[PDB]
Amino acid sequence: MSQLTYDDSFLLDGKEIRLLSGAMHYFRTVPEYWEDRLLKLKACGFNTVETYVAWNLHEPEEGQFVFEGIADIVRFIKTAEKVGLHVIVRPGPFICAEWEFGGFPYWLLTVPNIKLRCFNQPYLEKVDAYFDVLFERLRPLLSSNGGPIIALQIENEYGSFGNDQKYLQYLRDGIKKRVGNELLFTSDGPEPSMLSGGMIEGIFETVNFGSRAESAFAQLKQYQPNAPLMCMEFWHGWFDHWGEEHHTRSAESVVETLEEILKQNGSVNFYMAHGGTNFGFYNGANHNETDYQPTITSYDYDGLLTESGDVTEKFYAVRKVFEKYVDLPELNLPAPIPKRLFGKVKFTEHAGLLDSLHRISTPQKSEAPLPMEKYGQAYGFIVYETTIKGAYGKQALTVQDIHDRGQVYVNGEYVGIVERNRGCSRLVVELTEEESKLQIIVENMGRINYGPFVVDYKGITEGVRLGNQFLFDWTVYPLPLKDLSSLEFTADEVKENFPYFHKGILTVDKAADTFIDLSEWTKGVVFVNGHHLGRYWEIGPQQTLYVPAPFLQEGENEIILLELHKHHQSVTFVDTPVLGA
């Protein structure tokens, strides 16, 4: 059986090996396309593919395990094997990655007494149960069992979050028992605090970085002098938050750092080789010390392959470097996947979200506003509703706190938005009627996936108040938008500043990859044949949503667009994306 080990250098199958790995996440590309992307990586000269495992995808509700469709990690890994790649699996359980809640299921948030990523009994119990299932699926795929999985990562970048050695040791032991003799390793940033916090006794360490490999490896060598050098995440690109300029890095730049790595006899994992897409509500977020920053739908990442899988200038540039260091076959790529424009789709039908509540939700009641997790809701929008009795007059309405955006209505009139980034949590309302029906439509814009604010409840965290007076007696409608089939539509009025579903039909001669240009619109999401594309927002830099061909069918296709604020008559399908306005 093959085993990866190391002494001065990595060894596999009786020979020195340099790992040249590419990151690709199964959960970020539709399954129909996994082979295509993997074939492309192999063609570039990678010998390995590396993926995280997304716990939230696999255990969306506790005890409900999902390994189907885009979540079929077994299929993905078998695909890598077919194409001839070694596999590195990075099972977390926290994967960070710019993904909702760093891969943690929303339901962790409601576990009594839980503390994350430390030696905490409730937390470990959950990890153990999940790991028991997950490893059972992975086990046939271990190299020790003849499969392609040669290594696994123990936490992720733990040193950036904590220093709980008991936790790391427990995790190491827990993974060890569920696998074979595969190589176990950690990764961290090349800084003393990170290395001290994140290394585990007896376990190989790797570092992650975007530049300055000599420095990075030198730091690593202070803690781990003799073992082979590996950059487990070479951030050759970067990701975007809404409102940012699109991040790119030149091939020239990438090459310079790659050479630095390789010349030191370094192994490398490109992050991301293929990035793909944060479909649905799966995007992550960050928080700096002041502001919450939601990551965009596209995960193109300035990757070696584009979001839709196209080879790029970086790809050729990297292959050329690889050729200096390993002998490779003649380049042979798959036929490119066609992209088509499909033109304008008119929206002839519309439905107001506030007018559809029982069509797409079931009301729940509570004395105080609770965050959405408490109502059993992971992702999407939630409407909170209460009646105020008495004419209060002019009041300051405060949402304490708003995670992360909401639209406020009084007696069916729009009054404004509250936003997480702050000072922005207050509005002035005028309550002159005997009773006032208050409605707040809240968007979970994505759970934070890195740093100290990761305990990130969504909805309304504590309360809503007028002055200091909290409001009680709520009705709430969780809107995960999983099943829209009960919606009905008219050609009737549409109101600005109220969310509406807009429905249209796209007629397709033959399905092909395409992009929806949403530059005219303001903020929302789109569904194609029930497939949730992700979010759009006029602030950019992304202005199109990728539509994979598999989402489409010959004939009529159902396009449903939920727009939050400003409404228009149509969208247009185009053959190239706008990721960089």
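For neighbour counting, all protein chains shown are included, and Cβ atoms are generated from backbone atoms with ideal geometry for every residue, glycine included. Each answer follows from the model by the rule given with it, or from the source it names; no laboratory instrument gave them.
Some observations on this one:
- Failed item in (1) outside any strand (DSSP E or B); (2) surrounded by fewer than 14 Cβ atoms within 10 Å (Cβ to Cβ), with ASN421 passing the rest: (2)
- Scope region 433-455; condition within 26 Å of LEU357 (Cβ to Cβ) and either more than 33 Å from the chain's Cα centre (by Cα) or outside any loop (DSSP other than H, G, I, E, B) (or both); matching residues: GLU433, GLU434, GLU435, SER436, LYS437, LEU438, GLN439, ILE440, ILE441, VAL442, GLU443
- Applying a threshold of 8 Å to beta carbon distances and a minimum spacing of six or more residues, or different chains, the list of pairs starting in region 487-507 at a residue that is among the acidic types (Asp, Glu) and ending at one that is assigned to a strand (DSSP E or B) reads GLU488/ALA351; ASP492/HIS350.
- Qualifying residue in region 25-32 (condition: more than 15 Å from the chain's Cα centre (by Cα) and among the aromatic types (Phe, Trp, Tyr)): no
- Condition met for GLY530 (surrounded by fewer than 18 Cβ atoms within 10 Å (Cβ to Cβ), closer than 24 Å to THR362 by Cα and touching a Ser or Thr at 6+ places or on another chain (Cβ under 9 Å)): yes
- Wholly enclosed strands (runs of 3 or more DSSP E) of region 270-359 bearing at least 2 residues within 30 Å of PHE489 (Cβ to Cβ) and small (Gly, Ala, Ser): 349-352
- Residue among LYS458, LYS437, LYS394 that alone is buried (at least 19 other Cβ atoms within 10 Å of the Cβ) and touching a residue at least 12 places away in the same chain (Cβ under 8 Å): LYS458
- In region 224-264, the residues that are aliphatic (A, V, I, L, M) and part of a helix (DSSP H, G or I): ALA251, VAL254, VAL255, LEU258, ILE261, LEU262
- Each residue in region 173-223 was checked for being more than 25 Å from the chain's Cα centre (by Cα) and either in a helix (DSSP H, G or I) or closer than 20 Å to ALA151 by Cβ (or both), and 33 of them qualify.
- Residues of region 400-418 satisfying the condition of being of a type outside the set (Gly, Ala, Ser), more than 25 Å from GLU100 (Cα to Cα) and not in a loop (DSSP other than H, G, I, E, B): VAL408, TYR409, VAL410, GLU413, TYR414, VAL415
- In region 166-190, the residues that are surrounded by fewer than 17 Cβ atoms within 10 Å (Cβ to Cβ) form Cβ pairs under 8 Å with partners that are among the hydroxyl-bearing types (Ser, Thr, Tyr), at six or more places apart or across chains, as follows: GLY180/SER143; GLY180/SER144; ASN181/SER144.
- Unique residue being in the same structural domain as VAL255 (by CATH), within 21 Å of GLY309 (Cα to Cα), surrounded by fewer than 24 Cβ atoms within 10 Å (Cβ to Cβ) and basic (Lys, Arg) when the list is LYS15, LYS42: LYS42
- So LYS523, is it under 20 Å from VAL418 (Cα atoms), free of Cβ contacts under 8 Å to residues at least 60 places away in the same chain and outside the structural domain of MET445 (by CATH): yes
- Top-ranked residue in region 113-130 [being touching a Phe, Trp or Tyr at 6+ places or on another chain (Cβ under 8 Å) and part of a helix (DSSP H, G or I); ranked as surrounded by the fewest Cβ atoms within 10 Å (Cβ to Cβ)]: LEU124
- Whichever residue in region 461-481 is in contact (Cβ under 8 Å) with a residue 40 or more places away in the chain and not in a strand (DSSP E or B) and, among such residues, is farthest from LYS503 (Cα to Cα): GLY467
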